[PDB]
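A look at the structure
One-letter residues, chain by chain:
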Amino acid sequence: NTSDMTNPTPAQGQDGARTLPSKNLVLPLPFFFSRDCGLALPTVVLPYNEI
Amino acid sequence: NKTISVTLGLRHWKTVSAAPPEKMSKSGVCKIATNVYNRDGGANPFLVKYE
């Protein structure tokens, strides 16, 4: 929604010759251990699991 | 009849518990030898209260 990606761009020969930038984006994954700091995965206490 | 060649009964194939019980992704050990580059000493902290 940066307006550099969602703004329409016409073809090469038209007025709008701008191109959509090849930038990088970040999405935080909402999980139960990410909801609160008090809920954290005990990786030390989980040696017999494969997360 | 004619002589038959000996069939070597090589079996071996004991395999190996390479696969851990569940994943056994836990071999926990801690840094012990005070790291390296043991850095400086007390660095004369002292106090600054105006005597």
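Provided above is the structure to which this section pertains.
1. Looking at the overall build of chain B
For chain B, the count of helices and strands is zero helices and zero strands. Along the first, second and third principal axes, the C-alpha set of chain B runs to 115 × 25 × 10 Å.

2. Examining the interface of chain A and chain B
The interface is formed by four residues belonging to chain A together with five residues belonging to chain B. Classifying every residue of the side of chain A that touches chain B gives two nonpolar, one polar and one charged.

3. Things to note about the packing of aromatic side chains
Residue and element names in this part refer to chain A. Between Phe31 and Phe33 the ring centres are 5.6 Å apart and the planes differ by 20 degrees, which places this aromatic pair in the stacked class. Measuring from ring centre to ring centre gives 5.6 Å for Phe32 and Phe33, while their planes differ by 90 degrees; the resulting arrangement is edge-to-face. Taken together, the aromatic side chains of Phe31, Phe32 and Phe33 make up a single cluster linked through ring pairs.

Cut-offs and rules
Residues numbered from 1 in each chain as written, not as in the entry; some residues may be left out. Chains lettered and ligands numbered in written order. Part of a larger assembly, values for the part shown. Heavy atoms only, no water. Residues with missing side-chain atoms left out of burial classes, pairs and counts. Helix = DSSP H or I, 4+ residues; strand = E, 2+ residues; numbered from the N terminus. Contact = heavy atoms within 4.5 Å. Nonpolar A, V, L, I, M, F, W, Y, C, P; charged D, E, K, R; others polar. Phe/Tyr/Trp six-rings, centres within 6.5 Å; stacked < 30°, edge-to-face > 60°.

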